[PDB]
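The block underneath contains the structure these notes are about, expressed in structure tokens.
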Amino acid sequence: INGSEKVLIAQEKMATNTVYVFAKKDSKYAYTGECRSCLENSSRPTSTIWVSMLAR
Amino acid sequence: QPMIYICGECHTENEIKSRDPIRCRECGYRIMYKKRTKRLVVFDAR
Amino acid sequence: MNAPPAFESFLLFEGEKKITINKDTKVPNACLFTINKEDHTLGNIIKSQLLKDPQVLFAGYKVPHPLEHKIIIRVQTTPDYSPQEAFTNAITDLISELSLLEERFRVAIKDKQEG
Amino acid sequence: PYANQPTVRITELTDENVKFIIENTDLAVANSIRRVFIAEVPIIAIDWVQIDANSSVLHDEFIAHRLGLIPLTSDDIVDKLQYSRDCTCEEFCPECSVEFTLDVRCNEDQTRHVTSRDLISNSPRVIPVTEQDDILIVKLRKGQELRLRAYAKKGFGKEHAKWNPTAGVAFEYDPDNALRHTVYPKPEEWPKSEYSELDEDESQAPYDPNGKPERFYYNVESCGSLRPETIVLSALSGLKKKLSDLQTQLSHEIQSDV
Amino acid sequence: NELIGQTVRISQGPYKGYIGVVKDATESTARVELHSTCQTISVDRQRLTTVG
Amino acid sequence: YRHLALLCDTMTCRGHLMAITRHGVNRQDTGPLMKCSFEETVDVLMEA
Amino acid sequence: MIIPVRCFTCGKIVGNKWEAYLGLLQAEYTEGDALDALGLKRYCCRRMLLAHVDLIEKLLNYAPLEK
Amino acid sequence: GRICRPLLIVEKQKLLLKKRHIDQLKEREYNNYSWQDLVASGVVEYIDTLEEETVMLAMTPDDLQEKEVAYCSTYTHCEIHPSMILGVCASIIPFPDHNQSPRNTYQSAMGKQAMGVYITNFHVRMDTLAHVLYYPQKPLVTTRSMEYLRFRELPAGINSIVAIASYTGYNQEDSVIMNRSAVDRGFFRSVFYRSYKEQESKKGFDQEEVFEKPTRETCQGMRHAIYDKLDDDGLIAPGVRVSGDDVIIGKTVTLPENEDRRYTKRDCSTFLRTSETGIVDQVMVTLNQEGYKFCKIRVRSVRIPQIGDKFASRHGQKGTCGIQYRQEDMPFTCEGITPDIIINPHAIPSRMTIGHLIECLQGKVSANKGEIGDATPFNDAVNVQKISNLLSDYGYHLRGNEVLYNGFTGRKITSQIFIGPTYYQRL
Amino acid sequence: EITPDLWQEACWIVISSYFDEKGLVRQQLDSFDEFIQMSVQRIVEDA
Amino acid sequence: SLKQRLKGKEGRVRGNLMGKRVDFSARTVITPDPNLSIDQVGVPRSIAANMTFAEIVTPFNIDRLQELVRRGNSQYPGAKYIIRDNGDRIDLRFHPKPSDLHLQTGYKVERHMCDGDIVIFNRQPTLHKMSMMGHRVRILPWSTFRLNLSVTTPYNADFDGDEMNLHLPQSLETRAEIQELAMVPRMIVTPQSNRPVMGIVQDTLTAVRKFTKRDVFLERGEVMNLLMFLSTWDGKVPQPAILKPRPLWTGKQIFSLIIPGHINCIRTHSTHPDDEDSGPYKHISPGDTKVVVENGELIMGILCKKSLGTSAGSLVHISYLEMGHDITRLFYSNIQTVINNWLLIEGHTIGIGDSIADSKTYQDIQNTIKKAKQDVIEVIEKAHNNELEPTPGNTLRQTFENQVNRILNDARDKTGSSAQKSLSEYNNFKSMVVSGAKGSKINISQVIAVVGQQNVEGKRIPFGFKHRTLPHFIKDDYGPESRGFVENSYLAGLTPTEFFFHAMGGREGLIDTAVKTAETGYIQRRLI
Ligand SMILES: [Mg+2]
Ligand SMILES: [Zn+2]
Ligand SMILES: [Zn+2]
Ligand SMILES: [Zn+2]
């Protein structure tokens, strides 16, 4: 690119379309699930839904 | 007064002018290489 | 850049003395001989020859710095006997044994090449 | 109060090396004769390289470097040449230099090896040392060339390592360390020297306190620029010359003090 | 100055033989720019000799 | 002990705990240039 | 790139050995036999050929820019 | 985007990599039997990281399919070779399991910084900051994995006879004493190329750059430098010495108020970068994307190793050059061998690079035996006792120590200095 | 049959076959290859 | 904005008013030099031919300064600016006519700096007041700042590509101020912990520990070589400790020639037995491990880092307090020079012979690893069968982990002690550890015997996979090798699972080192 040799560094990310259960121990939620849902060959980006149990 | 440039891929040599677009005559190759200077060089063999 | 040129090891300049005698004042009969543009390949032989006199009480040499080309040979001799005399006898004794060594090396070559 | 009488015993003499034993001298005399083998022996080596043309894949300073380190036959000329910076000539002459000329263009599809043979002297005695093959200076593709003129001058090993006549100067005293200068932790593991004279039962010699270093064993292997015995003769002459000039300056300084 | 820019060959002294180009000229000691190594040296103008 | 005593004495030479932040150093009367030399620079000068 | 003219430690002229070293390798010797067939006793002279990579033969493939 | 790696496949307690696969796989370019034929044969397969949670992975087959007091005996896959867990820069380290792990990380940093022949077509490339080396060497102590990174074809660094000795005191605190005569024989003498690009800009007639030799009487703002080095087109011909604040590109831009007197177009020239010097290697003249004339000048400067120059081992053992002694000052063995480098003995015991010592020992064994020695990490066919028994046959001490003589006094050194060849990298 | 103790030279044969088949940069080349071969058409049709 | 121009660390207050770019300063790499005093820095010529001191023309120096102006610029010791009485600058680099190169009393001459000029030398990050000290210029040829070895310790500068900053004080008044406050002899003893900061660095310290042993004897020629390097020697060769059969000096006599004035200290060597001062021989030490310097002469004892180092009450601290501070500068320089020049005769190395124990020791190490490994396995089979009982205060799992960590730490300690009983007194690891110059007993234990338990966050290697640490181990494997204990040493090398667990522990150390820096610097900034 303009005579300059460019390298696309591979960028990590959380794996999409996969349910995860994490613990926001500082928030009001005991256990929070998530699923960074992203359909393959879809122009729209990912859209994370969270499913979280309240801590009381 | 013309400067002699070596025609990149062609490896032949040609004259050039001031305000002249840089083109070979053999195949119009755009990269010229300027010839080695005519003044003397001297190296200490160290 | 700041590379000293290669002739700084052995070439002197205008206003450089090859040898400088400075009479020591701490003890009697002692001198510092500052040799400019030399190294261990002179002062080591002079030190070892000055240790062979029975009249030299101290014979040492040091380089102040290995990037600056000078040595100092300190000589302390016995009183009645000048250290300059011990130094100029050490040089003559070295020239004596090296010329003798060179002649014996010549004779050994003539022995070896001629069977 | 005087100098002991040394003596020489030569064990072998080959066109590469000389192996000898110097007895009845001090350690510092012996080390200095080694250091004058390495440094203070003057030979003839290329020092002024004028590249007329170059098209080779190696750049100019690399070729001038490789022309520096080529040994030249200087067996009798180096005693006749003045040092270049000492001559009164118009900055180069045949009294302080040897002219070399290289003029090679590769006009063939084979890779043409510009070797040391292509260095052409005007002095028939000072030629590169290369039975053995020639010293490869630069390879050439078809179309490439190099032309240069190179002046060689007298110098010694302190100035640059291209004026070093010796390949290797092995030097050892007391090969069974009766002196115990080196102290082995377990002397059974240690291999015996070439000059050891102990039986294989014994590891190292018994200590003597009254001993001193003598019987110095040398192995002077030349690189080809000098015969290995004229390295030793030139070294002894150079060390005696350094000591004599030191004595002359000493006499001047003593006469200046008085 | 007239000397600056010329290519000179050091004709005397420890640097004898080196080719260079004068950066600065003085009434006394010119500064020669050595073609062989990377450095600039001051030399008396009696030593220098112009080449071509 | 000189250094520990000096630090513990500057933090308590005001009667209350002088926390070493902007929140404790920039509440004592020392000087607007001194107080703007620390982390909050423009706000100290605007207030002064 | 090209073979050094002198061994770095000794100063033994090793630059004339390289093509004969290649000849003794292709004539089915071991490398250790080829080195002391060329007569290199000291290991510092043996590393100079034993671990050389003759890179100039790669550089000669390219057509010369000047001609 | 998942990240997998190939593993062998283990039926009941046996590898599926039979001898016939090695027989068909040695004879490549003839049978056209590739890796992909072995993936097709159901012998290896790619396992990713999720599936590694549900796999029972044999490390090596010579230990882990033979009956013993059995560990699991339910292996599914077998690792091909453990040395393939390492990266590309941690693969060039000899014996990296003998080092400490911060030292391996630091070498992985330094191995990206070593000078060397970075590419084969470097004479065509107009790279900015090209560091190439005169006489690079392959390591005497190498791994098997350097054959596949092609490190023996474009290497970076020279095999050097180091000695590990306290000495005059210039290898004190991570520095090294070098040999002046070795350096004068081309040892790590490198060459640094730097290019310089400049084009002119045809604009709306108010400012118009053009390459020409600027004249003091014609051009304004012309800085006091030498302009007779330039050719007639405002460029340097190759093979011309330039130094700091020498011009390399004569370019003048026009001034819109030359009529709005007698003083015309201003100097806009690129000088050589100050406190640098060297010969102009080569100059190319061409057109850019925009059709404007455009010149690149690559300027060559060789770099002889001097003090302050930063060298490093293959183990994170960096250090600048403290001093350079000549050959007669450097110590020497019973034979004529002097060191090229002398490194600090105190650099070892807190850093704990024992792999440096083992590389040095295997280097003596390799340079004497006449073979490029093997230093794969997880081997078990090479430990230090076998290296010592191989060294003892060539007339040396078992553990590489060798009696150095002093270079100044000639009295042989009371301790026995560890000496031998390692592989040093110039950074 | 199997490889009893010449395994040490038999594994580097298959490492060499891997790096002669694949090479060191199959990630970059295969990723861009599948991009410009399939995914650009997928972007054009999915608009 | 304007508030954004002022508010930053790169702003006007902090970025330009507090810390600003300064003229008359140089930055190059440092490389060691032991042949110059502790307050001398060896600057290059091309730095010194570019940094100028404005010297006032007085009738004492008018001929000297006249000659330096006649040399002009780039005839190195000369000058570049000559400043008139009305503040008019005249160049000397552009070669003016000779009529205005005259000097009368009152002109300034900005001359190139020579030997003996004072400079300020520092290292970022400047932590304390001995990280920025005043040196005297020595002009040495090559292009680095050669500075001395014992000034490494206050600077924390380890020459592996470290470059330092050199400021020149321009006025004569600030030159005298730096000479009277910030000289490195006046910054030997620190106020933070009333002890010295210089000490004696590594190679001089091992060579002086080997030097001052009881069995070191010196021939007359070696004595005369060593006494050549004492700056403070009054020219009197001492009487030998051995007159007959051969005149033979002990190294403690030469070291008594080093020790200045008449100072009196009693210290203990690092391997002094604690049961020696109980019974007999408390004044005639059989190991020569009780340092007594007395009336300025080293009576007895071997000088480790507890004698010459930066510990308080050491020999150098008492040399600072009883004698002067110029005298301690001389003491440091004399130790460095004469002990390096003895070390040329002695020689000191380290090798692979120094990392190998005899086979009886290896059998002891392997028997201890096998015994402790079987003990961990039998603790595990007690833990599975609920026969392990919980320690009061924690769970059964934390009780188990205490048992396993206690057995493995006992194994590491017992193998470490059984390794270090087998150095045979010539092992150079022991030579550097006993002097305290570089390393510790743990490094000897890890090189010879066993690396030991690898840790991540203070506990063992966690189960990153499902209930196993690596996919080579069976699930729920709480054994030694599964959980990160490394039984191999650096001489034998690590197996790949042990290599990876070792790399984990090392990554934890590098994360600590890289994250520590910013928070510690911000704490320092808030405190100041
Ligand atoms: Mg550092
Ligand atoms: Zn053409
Ligand atoms: Zn002449
Ligand atoms: Zn050699």
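Protein chains in written order, with the deposited numbering: chain A, 187 to 242; chain B, 13 to 58; chain C, 1 to 115; chain D, 2 to 131, 144 to 271; chain E, 703 to 754; chain F, 1395 to 1442; chain G, 1 to 67; chain H, 619 to 878, 885 to 1051; chain I, 16 to 62; chain J, 338 to 865. Just so it is clear, CB atoms sit at the ideal spot from N, CA and C, and this is done for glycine as well.
Annotation: J/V406 is outside any beta strand (DSSP E); the continuous alpha helix (DSSP H) that includes it extends over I399 to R408.
DSSP places C/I109 within a helical segment (H, G or I) once states are collapsed to three.
Taking a cut-off of 8 Å on C-beta distances, the segment 812-822 of chain J touches the segment 712-724 of chain J, as three or more cross pairs fall below it. If you look at C/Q55, you'll find it isn't in any alpha helix (DSSP H); DSSP assigns it neither H nor E.
Taking the beta carbon of D/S264 as reference, no residue of chain E falls within 7 Å; the closest one sits roughly 26 Å away. Taking non-hydrogen atoms of ligand 4 into account, the C-beta of G/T9 is found less than 7 Å away from one of them. The straight-line gap separating the alpha-carbon atoms of C/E38 and H/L853 is approximately 48 Å.
Selection D/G168, D/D147, D/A183 and D/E227 evaluated against B/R58 yields D/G168 as nearest (Cα-Cα). Fully enclosed alpha helix (DSSP H) runs of no fewer than 4 residues occupy 798-802 of the segment 793-871 of chain H, in order along the chain.
In the DSSP secondary-structure assignment, H/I782 is bridged to H/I967 and H/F1042. Look at D/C236: its beta carbon is at least 7 Å from all of the heavy atoms in ligand 4. Non-local C-beta neighbours of D/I148 in its own chain, meaning closer than 7 Å and more than five positions away in sequence, comprise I71, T116, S117 and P129, ordered along the chain. The continuous beta strand (DSSP E) containing H/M908 extends over residues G902 to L911. Excluding its 5 nearest sequence neighbours in each direction, J/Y657 has C-beta neighbours in its own chain below 6 Å: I525, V526 and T665, listed in chain order. Proximity of the beta carbon of H/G946 to ligand 1 is not indicated: no heavy atom of the ligand is located closer than 7 Å.
In the pairwise beta carbon analysis, the segment 1006-1024 of chain H is classified as not touching the segment 154-163 of chain D: fewer than three pairs are separated by under 8 Å. The count of Cβ pairs closer than 8 Å, one atom from the segment 788-799 of chain H and one from the segment 944-953 of chain H, reaches three, so the stretches are in contact. Within the segment 777-789 of chain J, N780, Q783 and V784 place their CB atoms closer than 7 Å to a CB of chain H, listed in sequence order.
Taking 8 Å as the cut-off, the beta carbon of H/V871 is found no closer than this to the beta carbon of H/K847. If the five residues before and after D/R126 are omitted, its C-beta is found closer than 6 Å to the C-beta atoms of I78, all from its own chain and listed in chain order. Collapsing the DSSP output to three states places H/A658 in a helix.
Listed along chain H, the residues sitting closer than 8 Å to E/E735 by beta-carbon distance are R859 and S861.
Contact note: C/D53 does not reach chain J at a C-beta cutoff of 7 Å; the least C-beta distance is about 13 Å. The C-alpha of H/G987 lies about 34 Å from the C-alpha of D/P219. Below the 7 Å Cβ cutoff, chain J contributes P582 and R583 as neighbours of D/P222, in chain order. Cβ-Cβ separation between H/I921 and H/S813: approximately 7 Å, consistent with a contact (criterion under 8 Å).
Residue range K445 to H449 is occupied by the beta strand (DSSP E) that includes J/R448.
For a cut-off of 8 Å, the C-beta gap from J/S755 to J/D701 is around 5 Å, short enough to register as a contact.
The beta carbon of B/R58 sits closer than 8 Å to some beta carbon of chain D. In this structure, the CA atom of F/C1407 is about 17 Å from the CA atom of F/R1416. Spatial neighbours of C/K18 in its own chain (CB-CB distance under 8 Å, excluding positions within 5 residues in sequence) are listed in chain order as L12, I35, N36 and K37.
Every residue whose Cβ sits closer than 5 Å to any heavy atom of ligand 2 is listed here in chain order: B/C19, B/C22, B/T24, B/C36 and B/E38. Interface flag for E/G719 against chain D is set, since a Cβ pair is found closer than 8 Å. Proximity annotation: ligand 1 has residues J/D495, J/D497 and J/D499 in chain order, each selected because its CB is closer than 5 Å to a heavy atom of the ligand. With respect to the C-alpha of D/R86, the residue from D/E109, D/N123 and D/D48 having the closest C-alpha is D/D48.
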